[PDB]
Amino acid sequence: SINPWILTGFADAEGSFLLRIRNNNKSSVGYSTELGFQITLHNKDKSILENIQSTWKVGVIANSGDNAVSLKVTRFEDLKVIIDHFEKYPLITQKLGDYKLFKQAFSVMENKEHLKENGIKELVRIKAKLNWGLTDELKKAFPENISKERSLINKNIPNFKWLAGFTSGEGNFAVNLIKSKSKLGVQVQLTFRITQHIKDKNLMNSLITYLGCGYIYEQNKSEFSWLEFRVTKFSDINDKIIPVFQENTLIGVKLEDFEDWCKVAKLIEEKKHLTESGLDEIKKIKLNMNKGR
DNA sequence: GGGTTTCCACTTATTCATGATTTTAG
DNA sequence: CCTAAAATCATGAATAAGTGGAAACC
Ligand SMILES: [Ca+2]
Ligand SMILES: [Ca+2]
Ligand SMILES: [Ca+2]
Ligand SMILES: [Ca+2]
Ligand SMILES: [Ca+2]
Ligand SMILES: [Ca+2]
Ligand SMILES: [Ca+2]
Ligand SMILES: [Ca+2]
């Protein structure tokens with residue numbers, strides 16, 4: 001049964017809130033609604049979704065395309081369990097803003113106001129601020145006054161369990177083999193990396209101070225920008241990053257990556273990475289990790 | 001019921017994870 | 001020389017979010 005703060009950190013990484021406002025000829029107001037929370041993962045991490053479903057006793061699990069599986073929670077009574085969790089263990093990325101809109105929509109629907117014109121109008125004003133906002137259709141049907149503005153979230157990491165859940169979503173453990181003018185000709189470097197859209201720069205920057213190490217890099221692709229928190233200094237990896245996740249367990253197959261990674265850190269601690277046999281073992285491990293991803 | 005809810009198959013854009021080479025520090 | 005640390009450059013798909021259709025009641 002997943003620790004609740006690990007669960008929240010994982011939801012910050014992998015969850016999404018949904019609000020559907022659909023044309024419906026059989027609905028009294030011309031529209032039907034659906035509200036919910038979902039996580040979509042690669043099929044290999046299905047057991048996480050089964051563990052969440054069992055931990056919360058809500059949601060349905062289905063294939064999502066050919067390589068992924070989703071846990072989707074939209075049964076209205078199930079949504080109270082979502083609210084109860086995130087009231088006690090609140091999200092800390094910009095997704096908390098989407099949670100706040102989700103709660104506002106939930107309140108409209110709890111009052112059955114979504115079955116009247118004005119409740120539909122209120123849900124449209126809510127949806128305009130949520131995720132990608134109103135569709136063209138909805139913007140057509142509701143050209144009224146609809147601001148897309150909402151407040152920025154600016155929160156710090158609450159604890160290391162949140163961090164373990166978030167890293168189980170967004171983190172990467174890698175062995176970097178660097179062509180080198182070394183005696184062996186290859187430098188072994190361990191890297192820990194977490195990637196996130198630039199909208200959560202404050203949270204990412206706080207990783208530096210929270211963990212006591214690492215750097216932030218920015219990267220572009222056309223208009224699309226993201227940040228990466230990175231650690232490669234071995235003493236920081238060995239004395240700060242590895243202990244954190246030894247005491248705050250990762251979930252999903254990334255746990256296996258972390259375990260292999262630690263095997264290499266052990267070799268480096270003993271200076272075995274400077275030996276031909278140590279280097280060859282490290283190569284085997286890296287091949288095992290990289291193979292499966 | 002029949003208006004509403006909930007589920008299930010499936011799609012899409014892009015934010016992730018991932019992979020590598022080059023350079024600098026010491 | 002030698003090794004560690006940091007910087008730069010890259011890319012495909014798991015995500016992050018969403019859509020079409022309809023069974024299933026209450
Ligand atoms: Ca994410
Ligand atoms: Ca159920
Ligand atoms: Ca992930
Ligand atoms: Ca993710
Ligand atoms: Ca691979
Ligand atoms: Ca599109
Ligand atoms: Ca890698
Ligand atoms: Ca996902």
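Just the heavy atoms: all of them, side chains too, but no hydrogens, waters or symmetry mates, feed the values below. Order of the sequence lines sets the chain letters (A, B, ...), proteins ahead of strands, with each chain counted from 1.
For A:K286 and B:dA20, the shortest distance from a side-chain N or O to OP1 or OP2 is below 4.0 Å. Contact annotation: A:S16 reaches the phosphate of C:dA17 (side-chain N/O to OP1 or OP2, under 4.0 Å). Distances shown here put a side-chain N or O of A:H273 below 4.0 Å from the OP1 or OP2 atom of C:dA4. Side-chain nitrogen and oxygen atoms of A:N131 include none within less than 4.0 Å of the OP1 or OP2 phosphate oxygen of C:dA16. For A:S27 and B:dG3, the shortest distance from a side-chain N or O to OP1 or OP2 is not below 4.0 Å. In this model, the phosphate group of B:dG19 is approached by a side-chain N or O of A:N290 to a distance below 4.0 Å at OP1 or OP2. Residue A:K95 has a polar side-chain atom (N or O) positioned under 4.0 Å from OP1 or OP2 of C:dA17. The phosphate of C:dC2 has neither OP1 nor OP2 within less than 4.0 Å of any side-chain N or O from A:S180. Under 4.0 angstrom from either OP1 or OP2 of B:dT15 there lies no side-chain N or O belonging to A:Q196. The phosphate of B:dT18 (OP1 or OP2) has a side-chain N or O of A:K254 nearer than 4.0 angstrom. For C:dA7, the OP1/OP2 oxygens have no side-chain nitrogen or oxygen of A:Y215 closer than 4.0 Å.
A:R230 pairs by the side chain to side chain contact (heavy atoms under 4.5 Å, CB included) definition with A:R193, A:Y217, A:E228, A:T232, not counting sequence neighbours. Residues satisfying the side chain to side chain contact (heavy atoms under 4.5 Å, CB included) criterion with A:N3, sequence neighbours excluded, are A:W5, A:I6, A:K161. Remark: A:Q38 pairs with A:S16, A:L18, A:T40, A:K72 by the side chain to side chain contact (heavy atoms under 4.5 Å, CB included) rule, at least two apart or across chains. Checked against ring pair (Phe, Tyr, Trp, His ring centres under 6.0 Å), A:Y215 has no partners two or more places apart in sequence or in another chain. Residues passing the ring pair (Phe, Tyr, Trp, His ring centres under 6.0 Å) test with A:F192, sequence neighbours excluded: A:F173, A:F245. Applying the salt bridge (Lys or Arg N to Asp or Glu O under 4.0 Å) criterion to A:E77, with sequence neighbours excluded, gives A:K80. Under the side chain to side chain contact (heavy atoms under 4.5 Å, CB included) criterion, A:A11 pairs with A:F37, A:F86, A:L91, not counting sequence neighbours.
The distance from atom CD of A:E228 to atom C1' of C:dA10 is 12 Å, rounded to the nearest whole Å. At whole-Å resolution of the value, CG in A:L279 and P in C:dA4 are 11 Å apart. Between A:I178 atom CD1 and C:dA6 atom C1' there is a gap of 9 Å when expressed in whole angstrom units. A:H197 places its NE2 atom 11 Å from the P atom of C:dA17, with the value rounded to the nearest Å. Whole-Å rounding puts the A:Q219 CD to B:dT21 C1' distance at 13 Å. In this structure, A:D98 places its CG atom 6 Å from P of C:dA17, rounding to the nearest Å. As a whole-Å value, the separation of A:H42 NE2 from B:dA17 P is 12 Å. Distance CD1 (A:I198) to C1' (B:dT15): 13 Å, rounded to an integer number of Å.
Looking at A:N176, its side chain comes within 3.5 Å of the base of B:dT21 through a donor and an acceptor atom. Between the side chain of A:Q187 and the base of C:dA5, at least one donor-acceptor pair of N or O atoms lies under 3.5 Å. Taking 3.5 Å as the limit, the base of C:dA6 and the side chain of A:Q189 contain a donor-acceptor pair of atoms between them. Remark: the A:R193 side chain and the B:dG19 base include a donor-acceptor N/O pair separated by less than 3.5 Å. For A:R230 and B:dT18, a side-chain-to-base donor-acceptor distance below 3.5 Å is absent, hydrogens and geometry of angles not being considered.
Listed in residue order, the members of residues 166-175 of chain A having a heavy atom less than 4.0 Å from DNA chain B are A:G169, A:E170, A:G171, A:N172.
Residues A:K233 and A:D239 are not paired through a salt bridge, judged by the lack of any N-O separation under 4.0 Å between the basic side chain and the carboxylate.
For A:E14 and A:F17, each mapped to the nucleotide of DNA chain C holding its nearest heavy atom, the one lying further toward the 5' end belongs to A:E14.
A side-chain donor-acceptor contact under 3.5 Å links A:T93 to the backbone of A:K95.
A:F106 and A:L130 end up in the same hydrophobic cluster when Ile, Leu, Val, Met, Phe, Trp and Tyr side chains are linked at under 4.5 Å.
Between A:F229 and A:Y210, the distance from one ring center to the other does not fall under 6.0 angstrom.
Listed candidates were C:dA14, B:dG3, C:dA4. Nearest to the side chain of A:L274 is C:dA4.
A:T195 comes within contact range of at least one nucleobase, with a heavy-atom separation under 4.0 Å.
Rounded to the nearest Å, the gap between the P atom of B:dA13 and that of B:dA9 is 23 Å.
Taking 4.5 Å as the limit, every side-chain heavy atom of A:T195 sits out of range of all side-chain heavy atoms of A:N172.
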Summary of protein contacts for nucleotides 6-13 of chain B, nucleotide by nucleotide, where a base hit scores B, a sugar-phosphate-only hit scores S (4.0 Å, heavy atoms):
BBS-BB-S
